[PDB]
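Asker: my_file-v8.txt is reproduced below (compact mmCIF, N, CA and C atoms and all ligand atoms).
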# COMPACT_ATOMS: atom_id res chain seq x y z
N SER N 7 129.62 142.59 118.09
CA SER N 7 128.47 142.33 117.22
C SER N 7 127.20 142.94 117.85
N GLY N 8 126.13 143.02 117.06
CA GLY N 8 124.84 143.51 117.54
C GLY N 8 124.10 144.27 116.46
N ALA N 9 122.80 144.34 116.61
CA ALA N 9 121.96 145.01 115.63
C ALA N 9 120.78 145.71 116.32
N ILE N 10 120.14 146.62 115.60
CA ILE N 10 118.87 147.24 116.02
C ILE N 10 117.78 146.57 115.18
N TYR N 11 116.70 146.09 115.81
CA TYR N 11 115.59 145.47 115.09
C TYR N 11 114.35 146.35 115.26
N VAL N 12 114.04 147.18 114.27
CA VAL N 12 112.89 148.09 114.28
C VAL N 12 112.01 147.78 113.09
N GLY N 13 110.72 147.51 113.32
CA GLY N 13 109.82 147.19 112.21
C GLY N 13 110.32 145.97 111.45
N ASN N 14 110.41 146.07 110.12
CA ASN N 14 110.98 144.99 109.30
C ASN N 14 112.38 145.34 108.83
N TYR N 15 113.14 146.02 109.69
CA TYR N 15 114.52 146.39 109.38
C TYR N 15 115.49 145.86 110.43
N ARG N 16 116.71 145.54 109.96
CA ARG N 16 117.83 145.14 110.81
C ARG N 16 118.94 146.14 110.52
N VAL N 17 119.37 146.93 111.53
CA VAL N 17 120.43 147.93 111.35
C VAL N 17 121.71 147.39 111.96
N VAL N 18 122.76 147.28 111.15
CA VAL N 18 124.05 146.74 111.59
C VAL N 18 125.20 147.62 111.19
N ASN N 19 126.40 147.38 111.78
CA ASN N 19 127.59 148.08 111.29
C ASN N 19 127.84 147.55 109.86
N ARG N 20 128.05 148.47 108.91
CA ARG N 20 128.31 148.03 107.52
C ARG N 20 129.47 147.02 107.46
N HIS N 21 130.50 147.26 108.30
CA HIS N 21 131.69 146.37 108.25
C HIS N 21 131.43 144.96 108.80
N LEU N 22 130.32 144.75 109.52
CA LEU N 22 129.91 143.45 110.08
C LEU N 22 128.72 142.80 109.36
N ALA N 23 128.24 143.43 108.28
CA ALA N 23 127.13 142.90 107.52
C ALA N 23 127.44 141.51 106.93
N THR N 24 126.43 140.62 106.98
CA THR N 24 126.58 139.24 106.47
C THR N 24 126.17 139.16 104.98
N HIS N 25 126.37 138.00 104.32
CA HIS N 25 125.88 137.83 102.96
C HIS N 25 124.36 137.98 102.92
N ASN N 26 123.63 137.46 103.94
CA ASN N 26 122.18 137.59 103.92
C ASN N 26 121.78 139.07 104.00
N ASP N 27 122.54 139.88 104.83
CA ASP N 27 122.26 141.31 104.84
C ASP N 27 122.40 141.94 103.44
N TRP N 28 123.52 141.67 102.77
CA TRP N 28 123.76 142.23 101.44
C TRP N 28 122.74 141.71 100.39
N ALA N 29 122.24 140.48 100.53
CA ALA N 29 121.27 139.93 99.60
C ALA N 29 119.84 140.45 99.87
N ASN N 30 119.60 141.10 101.02
CA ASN N 30 118.31 141.68 101.38
C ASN N 30 118.52 143.16 101.76
N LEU N 31 119.32 143.86 101.01
CA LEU N 31 119.75 145.23 101.34
C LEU N 31 118.66 146.25 101.14
N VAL N 32 118.52 147.17 102.08
CA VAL N 32 117.61 148.31 101.98
C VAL N 32 118.45 149.59 101.71
N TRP N 33 119.53 149.81 102.47
CA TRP N 33 120.33 151.02 102.37
C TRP N 33 121.68 150.79 103.03
N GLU N 34 122.73 151.41 102.51
CA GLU N 34 124.03 151.33 103.13
C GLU N 34 124.79 152.61 102.88
N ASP N 35 125.67 152.96 103.80
CA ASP N 35 126.49 154.19 103.70
C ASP N 35 127.83 153.94 104.41
N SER N 36 128.90 153.81 103.62
CA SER N 36 130.23 153.53 104.12
C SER N 36 130.76 154.68 104.98
N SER N 37 130.44 155.94 104.62
CA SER N 37 130.90 157.08 105.44
C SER N 37 130.33 157.08 106.86
N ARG N 38 129.18 156.43 107.07
CA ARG N 38 128.53 156.33 108.38
C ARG N 38 128.73 154.97 109.07
N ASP N 39 129.35 153.99 108.38
CA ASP N 39 129.49 152.61 108.85
C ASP N 39 128.12 151.98 109.17
N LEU N 40 127.09 152.25 108.35
CA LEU N 40 125.78 151.67 108.58
C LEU N 40 125.26 150.86 107.38
N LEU N 41 124.50 149.81 107.66
CA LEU N 41 123.81 149.03 106.63
C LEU N 41 122.50 148.59 107.23
N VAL N 42 121.44 148.63 106.42
CA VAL N 42 120.11 148.23 106.83
C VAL N 42 119.60 147.16 105.88
N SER N 43 119.14 146.04 106.41
CA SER N 43 118.59 144.93 105.60
C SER N 43 117.14 144.68 106.04
N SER N 44 116.38 143.96 105.19
CA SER N 44 114.98 143.66 105.50
C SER N 44 114.86 142.35 106.29
N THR N 45 113.82 142.28 107.17
CA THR N 45 113.61 141.08 107.97
C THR N 45 112.21 140.50 107.71
N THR N 46 112.05 139.21 108.00
CA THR N 46 110.74 138.60 107.86
C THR N 46 109.90 138.91 109.10
N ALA N 47 110.50 138.81 110.29
CA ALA N 47 109.80 139.11 111.55
C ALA N 47 109.91 140.57 111.96
N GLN N 48 108.91 141.09 112.68
CA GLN N 48 108.94 142.47 113.16
C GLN N 48 109.74 142.55 114.44
N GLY N 49 110.52 143.62 114.55
CA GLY N 49 111.38 143.90 115.69
C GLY N 49 110.73 144.73 116.76
N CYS N 50 111.39 144.79 117.95
CA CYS N 50 110.86 145.44 119.16
C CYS N 50 111.53 146.75 119.56
N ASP N 51 112.65 147.08 118.93
CA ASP N 51 113.32 148.32 119.29
C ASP N 51 112.54 149.52 118.75
N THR N 52 112.56 150.61 119.46
CA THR N 52 111.95 151.90 119.06
C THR N 52 113.13 152.88 118.89
N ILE N 53 113.13 153.69 117.82
CA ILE N 53 114.19 154.65 117.61
C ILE N 53 113.88 155.96 118.32
N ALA N 54 114.85 156.53 119.03
CA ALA N 54 114.72 157.84 119.65
C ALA N 54 114.65 158.96 118.59
N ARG N 55 113.78 159.96 118.84
CA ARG N 55 113.69 161.11 117.94
C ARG N 55 113.84 162.31 118.88
N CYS N 56 115.09 162.78 119.04
CA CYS N 56 115.53 163.76 120.06
C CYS N 56 116.95 164.31 119.83
N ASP N 57 117.40 165.26 120.74
CA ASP N 57 118.78 165.76 120.71
C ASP N 57 119.46 165.43 122.05
N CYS N 58 119.10 164.29 122.70
CA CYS N 58 119.76 163.89 123.97
C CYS N 58 121.27 163.77 123.75
N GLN N 59 122.01 164.15 124.77
CA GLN N 59 123.46 163.98 124.80
C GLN N 59 123.86 163.15 126.02
N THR N 60 122.90 162.50 126.69
CA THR N 60 123.21 161.54 127.77
C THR N 60 122.39 160.27 127.54
N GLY N 61 123.01 159.13 127.84
CA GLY N 61 122.34 157.86 127.60
C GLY N 61 123.13 156.72 128.19
N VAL N 62 122.87 155.50 127.73
CA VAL N 62 123.52 154.31 128.25
C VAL N 62 123.88 153.44 127.07
N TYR N 63 125.10 152.86 127.07
CA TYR N 63 125.46 151.93 125.99
C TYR N 63 125.89 150.56 126.49
N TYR N 64 125.69 149.53 125.66
CA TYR N 64 126.17 148.17 126.01
C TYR N 64 127.57 147.90 125.48
N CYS N 65 128.43 147.48 126.40
CA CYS N 65 129.82 147.10 126.15
C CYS N 65 130.01 145.59 126.31
N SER N 66 130.08 144.86 125.21
CA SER N 66 130.16 143.40 125.29
C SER N 66 131.45 142.89 125.96
N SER N 67 132.57 143.64 125.80
CA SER N 67 133.85 143.27 126.41
C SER N 67 133.90 143.47 127.90
N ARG N 68 132.84 144.04 128.49
CA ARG N 68 132.71 144.16 129.95
C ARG N 68 131.41 143.53 130.45
N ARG N 69 130.54 143.01 129.54
CA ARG N 69 129.17 142.56 129.92
C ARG N 69 128.43 143.60 130.79
N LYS N 70 128.54 144.85 130.41
CA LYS N 70 127.97 145.92 131.23
C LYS N 70 127.39 147.01 130.37
N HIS N 71 126.37 147.66 130.88
CA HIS N 71 125.80 148.87 130.31
C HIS N 71 126.36 150.06 131.12
N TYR N 72 126.89 151.09 130.41
CA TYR N 72 127.52 152.23 131.07
C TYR N 72 126.77 153.49 130.73
N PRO N 73 126.49 154.33 131.72
CA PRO N 73 125.92 155.66 131.43
C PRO N 73 127.02 156.59 130.87
N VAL N 74 126.68 157.33 129.83
CA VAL N 74 127.68 158.21 129.19
C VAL N 74 127.05 159.51 128.74
N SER N 75 127.89 160.55 128.67
CA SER N 75 127.62 161.80 127.99
C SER N 75 128.29 161.71 126.62
N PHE N 76 127.60 162.12 125.54
CA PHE N 76 128.16 161.96 124.21
C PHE N 76 127.98 163.20 123.40
N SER N 77 128.84 163.38 122.39
CA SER N 77 128.79 164.59 121.56
C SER N 77 127.67 164.54 120.51
N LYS N 78 127.35 165.67 119.91
CA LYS N 78 126.34 165.69 118.85
C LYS N 78 126.91 165.04 117.57
N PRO N 79 126.08 164.43 116.72
CA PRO N 79 126.61 163.77 115.52
C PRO N 79 127.44 164.73 114.66
N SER N 80 128.64 164.30 114.29
CA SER N 80 129.59 165.15 113.58
C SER N 80 130.47 164.34 112.61
N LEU N 81 131.35 165.07 111.87
CA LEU N 81 132.31 164.49 110.95
C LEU N 81 133.65 164.45 111.74
N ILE N 82 134.04 163.19 112.24
CA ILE N 82 135.28 162.85 113.09
C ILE N 82 136.35 162.02 112.35
N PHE N 83 137.53 162.64 112.33
CA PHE N 83 138.61 161.80 111.79
C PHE N 83 138.80 160.61 112.72
N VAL N 84 138.73 159.41 112.16
CA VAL N 84 138.89 158.14 112.91
C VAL N 84 140.14 157.41 112.36
N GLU N 85 140.95 156.85 113.28
CA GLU N 85 142.25 156.21 112.93
C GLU N 85 141.96 154.90 112.19
N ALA N 86 142.89 154.50 111.32
CA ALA N 86 142.80 153.22 110.63
C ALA N 86 142.59 152.02 111.54
N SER N 87 141.69 151.16 111.09
CA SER N 87 141.42 149.88 111.76
C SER N 87 141.47 148.71 110.74
N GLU N 88 141.01 147.51 111.09
CA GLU N 88 141.09 146.28 110.21
C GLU N 88 140.09 146.35 109.11
N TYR N 89 139.08 147.16 109.32
CA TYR N 89 137.97 147.16 108.36
C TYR N 89 137.93 148.46 107.57
N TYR N 90 138.59 149.50 108.06
CA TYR N 90 138.59 150.81 107.39
C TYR N 90 140.00 151.44 107.44
N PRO N 91 140.38 152.16 106.35
CA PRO N 91 141.61 152.96 106.45
C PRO N 91 141.32 154.21 107.31
N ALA N 92 142.34 155.05 107.54
CA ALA N 92 142.15 156.30 108.34
C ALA N 92 141.36 157.31 107.50
N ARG N 93 140.17 157.72 107.92
CA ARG N 93 139.28 158.62 107.15
C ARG N 93 138.41 159.41 108.16
N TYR N 94 137.47 160.21 107.62
CA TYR N 94 136.64 161.06 108.52
C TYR N 94 135.23 160.48 108.62
N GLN N 95 134.99 159.51 109.51
CA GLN N 95 133.54 159.03 109.62
C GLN N 95 132.42 160.16 109.77
N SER N 96 131.16 160.18 109.12
CA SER N 96 130.10 161.15 109.36
C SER N 96 129.04 160.60 110.33
N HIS N 97 128.25 161.54 110.88
CA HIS N 97 127.16 161.24 111.81
C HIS N 97 127.67 160.43 113.01
N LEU N 98 128.86 160.73 113.49
CA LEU N 98 129.49 159.96 114.58
C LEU N 98 129.44 160.80 115.87
N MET N 99 129.15 160.14 117.00
CA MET N 99 129.11 160.78 118.33
C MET N 99 130.16 160.14 119.21
N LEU N 100 130.92 160.93 119.99
CA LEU N 100 131.96 160.36 120.83
C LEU N 100 131.63 160.45 122.33
N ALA N 101 132.09 159.47 123.09
CA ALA N 101 131.98 159.48 124.55
C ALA N 101 133.24 158.84 125.14
N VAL N 102 133.48 159.07 126.43
CA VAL N 102 134.55 158.42 127.14
C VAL N 102 134.03 157.07 127.62
N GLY N 103 134.68 156.01 127.14
CA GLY N 103 134.28 154.66 127.55
C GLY N 103 135.12 153.60 126.87
N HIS N 104 135.13 152.48 127.61
CA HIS N 104 135.88 151.31 127.09
C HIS N 104 135.22 150.57 125.92
N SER N 105 136.03 150.09 124.99
CA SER N 105 135.58 149.41 123.76
C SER N 105 136.74 148.61 123.16
N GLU N 106 136.42 147.46 122.54
CA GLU N 106 137.35 146.73 121.71
C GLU N 106 136.59 146.45 120.41
N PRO N 107 137.19 146.11 119.28
CA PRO N 107 136.45 146.00 117.99
C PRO N 107 135.10 145.24 117.97
N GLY N 108 135.09 144.07 118.66
CA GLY N 108 133.88 143.22 118.79
C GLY N 108 132.73 143.82 119.56
N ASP N 109 133.02 144.90 120.27
CA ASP N 109 131.85 145.61 120.82
C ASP N 109 131.14 146.43 119.75
N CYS N 110 131.60 146.45 118.50
CA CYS N 110 130.79 147.20 117.44
C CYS N 110 129.37 146.54 117.41
N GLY N 111 128.25 147.34 117.38
CA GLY N 111 126.91 146.78 117.36
C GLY N 111 126.15 146.95 118.66
N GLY N 112 126.86 147.25 119.74
CA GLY N 112 126.18 147.50 121.02
C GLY N 112 125.31 148.73 120.93
N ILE N 113 124.14 148.70 121.52
CA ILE N 113 123.22 149.86 121.42
C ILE N 113 123.52 150.94 122.43
N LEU N 114 123.42 152.17 121.97
CA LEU N 114 123.37 153.41 122.80
C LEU N 114 121.89 153.84 122.82
N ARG N 115 121.33 154.04 124.01
CA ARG N 115 119.90 154.42 124.16
C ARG N 115 119.74 155.54 125.16
N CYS N 116 118.63 156.27 125.00
CA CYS N 116 118.26 157.36 125.93
C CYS N 116 116.83 157.10 126.39
N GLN N 117 116.24 158.09 127.14
CA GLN N 117 114.86 157.94 127.59
C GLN N 117 113.86 157.78 126.43
N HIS N 118 114.21 158.21 125.21
CA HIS N 118 113.29 158.13 124.06
C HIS N 118 113.38 156.84 123.23
N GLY N 119 114.47 156.06 123.40
CA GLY N 119 114.65 154.86 122.60
C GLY N 119 116.10 154.67 122.16
N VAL N 120 116.29 153.95 121.06
CA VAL N 120 117.63 153.68 120.52
C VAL N 120 118.20 154.89 119.80
N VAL N 121 119.40 155.33 120.15
CA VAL N 121 120.10 156.47 119.58
C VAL N 121 121.09 156.09 118.49
N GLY N 122 121.80 154.97 118.66
CA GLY N 122 122.77 154.52 117.66
C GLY N 122 123.47 153.25 118.10
N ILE N 123 124.56 152.88 117.40
CA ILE N 123 125.29 151.66 117.73
C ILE N 123 126.76 151.96 117.81
N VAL N 124 127.50 151.17 118.60
CA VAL N 124 128.97 151.35 118.71
C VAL N 124 129.57 151.09 117.32
N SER N 125 130.47 151.95 116.85
CA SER N 125 131.04 151.91 115.45
C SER N 125 132.57 152.01 115.51
N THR N 126 133.08 152.82 116.49
CA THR N 126 134.57 152.96 116.63
C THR N 126 135.02 153.17 118.11
N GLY N 127 136.35 153.23 118.35
CA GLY N 127 136.87 153.39 119.72
C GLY N 127 138.39 153.50 119.67
N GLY N 128 138.98 153.75 120.84
CA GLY N 128 140.44 153.84 120.97
C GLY N 128 140.80 154.86 122.04
N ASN N 129 141.80 154.51 122.84
CA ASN N 129 142.34 155.48 123.84
C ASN N 129 141.22 155.89 124.80
N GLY N 130 140.24 155.02 125.02
CA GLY N 130 139.27 155.31 126.09
C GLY N 130 138.10 156.12 125.57
N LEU N 131 137.94 156.20 124.24
CA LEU N 131 136.79 156.92 123.61
C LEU N 131 135.94 155.91 122.87
N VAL N 132 134.68 156.11 122.93
CA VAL N 132 133.91 155.18 122.07
C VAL N 132 133.11 156.01 121.13
N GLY N 133 132.83 155.42 119.94
CA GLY N 133 132.18 156.20 118.90
C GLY N 133 130.90 155.50 118.48
N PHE N 134 129.82 156.29 118.40
CA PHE N 134 128.54 155.69 118.03
C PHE N 134 128.06 156.26 116.72
N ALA N 135 127.58 155.37 115.84
CA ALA N 135 126.94 155.80 114.59
C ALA N 135 125.50 156.18 114.94
N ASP N 136 125.12 157.45 114.74
CA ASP N 136 123.78 157.90 115.03
C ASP N 136 122.78 157.32 114.05
N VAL N 137 121.53 157.07 114.51
CA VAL N 137 120.43 156.66 113.64
C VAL N 137 119.17 157.54 113.79
N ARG N 138 119.22 158.56 114.64
CA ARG N 138 118.04 159.38 114.96
C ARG N 138 117.53 160.20 113.79
N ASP N 139 118.37 160.44 112.76
CA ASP N 139 117.92 161.22 111.59
C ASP N 139 117.28 160.31 110.52
N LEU N 140 117.31 158.99 110.66
CA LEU N 140 116.82 158.04 109.65
C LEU N 140 115.34 157.81 109.92
N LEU N 141 114.53 158.82 109.61
CA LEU N 141 113.10 158.78 109.94
C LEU N 141 112.36 157.66 109.27
N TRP N 142 112.84 157.24 108.09
CA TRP N 142 112.20 156.16 107.35
C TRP N 142 112.24 154.82 108.09
N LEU N 143 113.11 154.65 109.12
CA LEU N 143 113.11 153.39 109.86
C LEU N 143 111.76 153.14 110.56
N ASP N 144 110.98 154.23 110.81
CA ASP N 144 109.69 154.18 111.52
C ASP N 144 108.50 153.76 110.66
N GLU N 145 108.69 153.52 109.36
CA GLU N 145 107.56 153.17 108.48
C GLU N 145 107.94 152.17 107.38
N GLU N 146 106.96 151.72 106.57
CA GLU N 146 107.17 150.88 105.38
C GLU N 146 108.10 149.68 105.66
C1 LIG J 201 135.04 150.01 119.01
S1 LIG J 201 136.30 149.87 117.77
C2 LIG J 201 137.78 149.97 118.73
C3 LIG J 201 137.80 150.10 120.12
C4 LIG J 201 139.01 150.11 120.78
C5 LIG J 201 140.18 150.01 120.09
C6 LIG J 201 140.17 149.92 118.70
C7 LIG J 201 138.96 149.91 118.00
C8 LIG J 201 138.90 149.85 116.49
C9 LIG J 201 140.25 149.68 115.82
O1 LIG J 201 140.51 148.64 115.27
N1 LIG J 201 141.09 150.74 115.77
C10 LIG J 201 142.49 150.62 115.35
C11 LIG J 201 143.41 151.07 116.46
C12 LIG J 201 143.23 152.55 116.76
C13 LIG J 201 141.77 152.89 117.09
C14 LIG J 201 141.43 154.33 116.77
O2 LIG J 201 141.82 155.32 117.38
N2 LIG J 201 140.63 154.34 115.70
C15 LIG J 201 140.34 153.03 115.14
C16 LIG J 201 140.74 152.09 116.27
ZN ZN J 202 116.48 161.10 123.87
Can the structure in the file be given as structure tokens, please?
Ligand SMILES: CSc1ccccc1CC(=O)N1CCC[C@H]2C(=O)NC[C@H]21
Ligand SMILES: [Zn+2]
Answerer:
Amino acid sequence: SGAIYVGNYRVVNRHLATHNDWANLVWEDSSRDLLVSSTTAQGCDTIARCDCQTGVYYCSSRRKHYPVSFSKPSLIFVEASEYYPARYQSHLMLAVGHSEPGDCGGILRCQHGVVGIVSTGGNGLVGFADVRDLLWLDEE
């Protein structure tokens, strides 16, 4: 589990969104595994606006933050899981690292801010849904 809290937005994995998220929906995209809902309180996270390929992510199944090198956002075939059939996720970045399903939501960050959230994994790879192209998270 986990979310990004920027401005009056809450960014979560679409597959982990709650009824309150869906009842206060701003935007969702199943191909990216992302959903954004509105919040009453303002958040403290800042979104990175960059092309970094190195950063640090939180792994809840290890209670640890790990430094990683990750790929540029791309269209990756991802194997079937409990929440999705086997399909080609978009805007996904891969790194070598440990993950189990409940680590979805952990933040990946660089020197500029939040880069994305854990979305997939398997065989020692972890997959992050990028948010750096969602410029509208910075306003309104
Ligand atoms: C961070 S999500 C994760 C991490 C480690 C293991 C599994 C998951 C998610 C998950 O349920 N599956 C099904 C089993 C095969 C895996 C794969 O290659 N793609 C999806 C993935
Ligand atoms: Zn950066």
Asker: Mind dumping a table of every chain N residue within 6 Å of ligand LIG 201 (chain J), with the nearest atom pair and its distance in Å to one decimal, using only C-alpha atoms and all ligand atoms, sorted by chain and rising number, as a Markdown table?
Answerer:
| residue | atom | partner | partner_atom | distance |
| --- | --- | --- | --- | --- |
| N:84 | CA | J:LIG201 | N2 | 5.0 |
| N:85 | CA | J:LIG201 | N2 | 3.7 |
| N:86 | CA | J:LIG201 | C15 | 5.1 |
| N:87 | CA | J:LIG201 | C10 | 3.8 |
| N:88 | CA | J:LIG201 | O1 | 5.6 |
| N:105 | CA | J:LIG201 | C3 | 4.3 |
| N:106 | CA | J:LIG201 | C3 | 3.8 |
| N:107 | CA | J:LIG201 | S1 | 3.9 |
| N:109 | CA | J:LIG201 | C1 | 5.7 |
| N:110 | CA | J:LIG201 | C1 | 5.3 |
| N:125 | CA | J:LIG201 | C1 | 5.7 |
| N:126 | CA | J:LIG201 | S1 | 3.7 |
| N:127 | CA | J:LIG201 | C3 | 3.4 |
| N:128 | CA | J:LIG201 | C5 | 3.9 |
Asker: Just the alpha helix (DSSP H) stuff from stretch 22-140 of chain N, please, per backbone DSSP, written as a ChimeraX atom specification.
Answerer: /N:25-29
Asker: Extract, using all atoms listed in the file, all DNA, RNA and protein residues at most 8 Å from residue N:139, discarding same-chain residues fewer than 3 positions from it, and format them as a list in words.
Answerer: residues 54, 55, 56, 121, 136, 142 and 143 of chain N
Asker: Per residue of chain N within 6.5 Å of ligand ZN 202 (chain J), what are the shortest atom pair and its distance in Å to one decimal, counting all atoms listed in the file, with rows by chain and residue number, as a tab-separated table?
Answerer:
residue	atom	partner	partner_atom	distance
N:54	CA	J:ZN202	ZN	5.6
N:55	C	J:ZN202	ZN	5.8
N:56	CA	J:ZN202	ZN	4.7
N:57	N	J:ZN202	ZN	5.3
N:58	N	J:ZN202	ZN	4.3
N:59	N	J:ZN202	ZN	6.4
N:116	CA	J:ZN202	ZN	4.6
N:117	N	J:ZN202	ZN	4.5
N:118	N	J:ZN202	ZN	3.9
N:119	N	J:ZN202	ZN	5.4
Asker: How about saving the chosen residues, N, CA and C atoms kept, as a short mmCIF file (atom, residue, chain, number, x, y, z; two decimals), in the coordinates of the input?
Answerer:
data_model
loop_
_atom_site.label_atom_id
_atom_site.label_comp_id
_atom_site.auth_asym_id
_atom_site.auth_seq_id
_atom_site.Cartn_x
_atom_site.Cartn_y
_atom_site.Cartn_z
N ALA N 54 114.85 156.53 119.03
CA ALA N 54 114.72 157.84 119.65
C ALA N 54 114.65 158.96 118.59
N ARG N 55 113.78 159.96 118.84
CA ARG N 55 113.69 161.11 117.94
C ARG N 55 113.84 162.31 118.88
N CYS N 56 115.09 162.78 119.04
CA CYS N 56 115.53 163.76 120.06
C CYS N 56 116.95 164.31 119.83
N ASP N 57 117.40 165.26 120.74
CA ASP N 57 118.78 165.76 120.71
C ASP N 57 119.46 165.43 122.05
N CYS N 58 119.10 164.29 122.70
CA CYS N 58 119.76 163.89 123.97
C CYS N 58 121.27 163.77 123.75
N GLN N 59 122.01 164.15 124.77
CA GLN N 59 123.46 163.98 124.80
C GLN N 59 123.86 163.15 126.02
N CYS N 116 118.63 156.27 125.00
CA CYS N 116 118.26 157.36 125.93
C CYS N 116 116.83 157.10 126.39
N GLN N 117 116.24 158.09 127.14
CA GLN N 117 114.86 157.94 127.59
C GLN N 117 113.86 157.78 126.43
N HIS N 118 114.21 158.21 125.21
CA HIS N 118 113.29 158.13 124.06
C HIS N 118 113.38 156.84 123.23
N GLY N 119 114.47 156.06 123.40
CA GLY N 119 114.65 154.86 122.60
C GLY N 119 116.10 154.67 122.16
#
Asker: Rounded to one decimal place, report the atom C of residue N:22-atom CA of residue N:67 distance in Å.
Answerer: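 If I compute the distance from atom C of residue N:22 to atom CA of residue N:67, I get 17.8 Å.
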Asker: Just the residues within 6 Å of stretch 36-51 of chain N, please, counting only N, CA and C atoms, with nothing from its chain fewer than 2 positions along; format it as an NGL selection string.
Answerer: :N and (11-21 or 27 or 30-34 or 53 or 95-97 or 135)
Asker: Considering only C-alpha atoms, return as an MDAnalysis selection string whatever protein or nucleic-acid residues lie within 10 Å of residue N:73, sequence-local ones (same chain, fewer than 2 positions apart) excluded.
Answerer: chainID N and resid 60:64 70:71 75:76 101 103 114:116
Asker: Can you spit out the residues from that selection as a tab-separated table (two decimals), in the coordinates of the input, using N, CA and C atoms?
Answerer:
chain	number	residue	atom	x	y	z
N	60	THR	N	122.90	162.50	126.69
N	60	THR	CA	123.21	161.54	127.77
N	60	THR	C	122.39	160.27	127.54
N	61	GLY	N	123.01	159.13	127.84
N	61	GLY	CA	122.34	157.86	127.60
N	61	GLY	C	123.13	156.72	128.19
N	62	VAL	N	122.87	155.50	127.73
N	62	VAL	CA	123.52	154.31	128.25
N	62	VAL	C	123.88	153.44	127.07
N	63	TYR	N	125.10	152.86	127.07
N	63	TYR	CA	125.46	151.93	125.99
N	63	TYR	C	125.89	150.56	126.49
N	64	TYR	N	125.69	149.53	125.66
N	64	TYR	CA	126.17	148.17	126.01
N	64	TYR	C	127.57	147.90	125.48
N	70	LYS	N	128.54	144.85	130.41
N	70	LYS	CA	127.97	145.92	131.23
N	70	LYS	C	127.39	147.01	130.37
N	71	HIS	N	126.37	147.66	130.88
N	71	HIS	CA	125.80	148.87	130.31
N	71	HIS	C	126.36	150.06	131.12
N	75	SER	N	127.89	160.55	128.67
N	75	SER	CA	127.62	161.80	127.99
N	75	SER	C	128.29	161.71	126.62
N	76	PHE	N	127.60	162.12	125.54
N	76	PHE	CA	128.16	161.96	124.21
N	76	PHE	C	127.98	163.20	123.40
N	101	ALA	N	132.09	159.47	123.09
N	101	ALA	CA	131.98	159.48	124.55
N	101	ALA	C	133.24	158.84	125.14
N	103	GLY	N	134.68	156.01	127.14
N	103	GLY	CA	134.28	154.66	127.55
N	103	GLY	C	135.12	153.60	126.87
N	114	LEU	N	123.42	152.17	121.97
N	114	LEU	CA	123.37	153.41	122.80
N	114	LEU	C	121.89	153.84	122.82
N	115	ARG	N	121.33	154.04	124.01
N	115	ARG	CA	119.90	154.42	124.16
N	115	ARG	C	119.74	155.54	125.16
N	116	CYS	N	118.63	156.27	125.00
N	116	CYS	CA	118.26	157.36	125.93
N	116	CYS	C	116.83	157.10	126.39
Asker: Would you be able to write out as a list in words which residues have an atom within 6.5 Å of (122.0, 145.7, 118.6) in the file's coordinates, counting only N, CA and C atoms?
Answerer: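 With a cut-off of 6.5 Å, the residues come to residues 7, 8, 9, 10, 11, 111, 112 and 113 of chain N.
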Asker: Would you return as a ChimeraX atom specification the members of stretch 28-142 of chain N that DSSP assigns to strand (DSSP E) on this structure's backbone?
Answerer: /N:31-35,40-50,60-65,70-75,80-84,93-102,113-116,119-128,131-136
Asker: Tell me, in Å to one decimal, how far atom CA of residue N:35 is from atom CA of residue N:132.
Answerer: 19.8 Å
Asker: Report, in Å to a single decimal, how far apart atom C of residue N:24 and atom C of residue N:124 are.
Answerer: 17.5 Å
Asker: Could you add the missing atoms to stretch 7-14 of chain N, up to N, CA, C and O atoms, and return them as a PDB file, in the frame of the given file?
Answerer:
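Heads up, here's the output in part-v3.pdb:
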ATOM      1  N   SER N   7     129.620 142.590 118.090  1.00  0.00           N
ATOM      2  CA  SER N   7     128.470 142.330 117.220  1.00  0.00           C
ATOM      3  C   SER N   7     127.200 142.940 117.850  1.00  0.00           C
ATOM      4  O   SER N   7     127.174 143.282 119.059  1.00  0.00           O
ATOM      5  N   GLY N   8     126.130 143.020 117.060  1.00  0.00           N
ATOM      6  CA  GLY N   8     124.840 143.510 117.540  1.00  0.00           C
ATOM      7  C   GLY N   8     124.100 144.270 116.460  1.00  0.00           C
ATOM      8  O   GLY N   8     124.697 144.748 115.491  1.00  0.00           O
ATOM      9  N   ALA N   9     122.800 144.340 116.610  1.00  0.00           N
ATOM     10  CA  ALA N   9     121.960 145.010 115.630  1.00  0.00           C
ATOM     11  C   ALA N   9     120.780 145.710 116.320  1.00  0.00           C
ATOM     12  O   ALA N   9     120.473 145.435 117.477  1.00  0.00           O
ATOM     13  N   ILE N  10     120.140 146.620 115.600  1.00  0.00           N
ATOM     14  CA  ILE N  10     118.870 147.240 116.020  1.00  0.00           C
ATOM     15  C   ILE N  10     117.780 146.570 115.180  1.00  0.00           C
ATOM     16  O   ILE N  10     117.951 146.448 113.946  1.00  0.00           O
ATOM     17  N   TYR N  11     116.700 146.090 115.810  1.00  0.00           N
ATOM     18  CA  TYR N  11     115.590 145.470 115.090  1.00  0.00           C
ATOM     19  C   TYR N  11     114.350 146.350 115.260  1.00  0.00           C
ATOM     20  O   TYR N  11     113.726 146.328 116.334  1.00  0.00           O
ATOM     21  N   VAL N  12     114.040 147.180 114.270  1.00  0.00           N
ATOM     22  CA  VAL N  12     112.890 148.090 114.280  1.00  0.00           C
ATOM     23  C   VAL N  12     112.010 147.780 113.090  1.00  0.00           C
ATOM     24  O   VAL N  12     112.503 147.711 111.935  1.00  0.00           O
ATOM     25  N   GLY N  13     110.720 147.510 113.320  1.00  0.00           N
ATOM     26  CA  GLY N  13     109.820 147.190 112.210  1.00  0.00           C
ATOM     27  C   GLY N  13     110.320 145.970 111.450  1.00  0.00           C
ATOM     28  O   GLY N  13     110.779 145.016 112.091  1.00  0.00           O
ATOM     29  N   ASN N  14     110.410 146.070 110.120  1.00  0.00           N
ATOM     30  CA  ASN N  14     110.980 144.990 109.300  1.00  0.00           C
ATOM     31  C   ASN N  14     112.380 145.340 108.830  1.00  0.00           C
ATOM     32  O   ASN N  14     112.794 144.914 107.738  1.00  0.00           O
TER      33      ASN N  14
END
